[PDB]
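The chain below stands alone and is given in structure tokens; this is the form deposited in one PDB entry.
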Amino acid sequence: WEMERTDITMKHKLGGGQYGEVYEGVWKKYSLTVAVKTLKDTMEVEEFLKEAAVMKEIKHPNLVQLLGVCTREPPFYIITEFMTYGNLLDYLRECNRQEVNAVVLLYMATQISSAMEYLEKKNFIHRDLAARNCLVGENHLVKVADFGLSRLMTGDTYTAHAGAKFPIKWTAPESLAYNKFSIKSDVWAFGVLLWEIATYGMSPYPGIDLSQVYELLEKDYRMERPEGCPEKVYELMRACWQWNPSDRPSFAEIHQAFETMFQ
């Protein structure tokens, strides 16, 4: 995975510095546009290296693709493919809804649940599954990613919980209550991500304050079916949001339900 900082031209920051220390670059060797995550320097060197190691272990059509890293000498790089249409959240808000119709929404959900079915089998845990962490390429190709948005991001999307920031409105109750993350809380976050897709990137639990979200989920409040969302997709959302993690379907299951539907 190692490669020459001589094979890479660092150009502008991607998405106007929304992704933090991540740069648009060219992989000279192949006249290729890449994304390069850099490191400041900060005492974040530990988690940056776990990250590269993890990425080495995973490969799937629907996971953002590692291409190389630069971790002998600073500056420390990690290098992936570059996705033309950018993050999914903005893509949905900005799209031609006649192009990105019902069938496309469904295709988008399918691909993500295939990426997740994969991490599941490899016993990985994403931990921050959301449209903002997905990328779109040509022909509505969607890849799941993880950009480390907790400390970058600008607003009430992430809120503080003991030196950590959690996106409350994506977070499974057991994770809010007991700090318990598992593939099942990924399943919960996928149900919220389903709702983002169906509302074309609306914010979840609109206007509901953060501090009442847990209490509402406990009293069994769930977000309504969006306008135009197939009932079986919504029933699936409803299963991802089962109170008990073990009552939640698996991404194997979800992917199968989504693969059938794709008709």
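Don't overthink the numbering: it's just position in the shown sequence, from 1. Whichever C-alpha set is largest while still superposing within 1.5 Å between the two forms counts as the rigid core.
Quick note: we don't show the form deposited with a partner chain bound, though the next part is all about it.
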- Would you please decide whether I125 lies within 4.5 angstroms of its partner chain in the deposited complex, comparing each non-hydrogen atom pair? no
- Is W170 close to its partner chain in the deposited complex, meaning a heavy atom pair under 4.5 Å apart or at it? yes
- Message: Please determine whether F166 contacts its partner chain in the deposited complex, using a 4.5 Å cut-off between heavy atoms.
- Response: yes
- Check whether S250 has any heavy atom within 4.5 Å of a heavy atom of its partner chain in the deposited complex, and answer yes or no. no
- Message: Residues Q18, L210 and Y214 are flagged as a possible site; in the deposited complex, is every one of them within 4.5 Å of its partner chain by some non-hydrogen atom?
- Response: yes
- Quick one: with the rigid core lined up, which of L63, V69, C229, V213 moves its CA 2 Å or more between this form and the one not shown? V69
- Using a rigid core alignment, state whether the CA of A198 is displaced by 2 Å or more between this form and the one not shown. no
- Query: Can a Cα shift of no less than 2 Å be assigned to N101 between this form and the one not shown, given superposition on the rigid core?
  - Reply: no
- Query: When the two forms are laid on each other by their rigid core, does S150 show a Cα shift of 2 Å or more between this form and the one not shown?
  - Reply: yes
- Query: So the C-alpha spacing of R127 and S150 changes by 3 Å or more in the deposited complex; is that change toward closer or farther than shown?
  - Reply: closer
- Query: With a C-alpha distance change of 3 Å or more, do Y19 and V142 lie closer or farther in the deposited complex?
  - Reply: farther
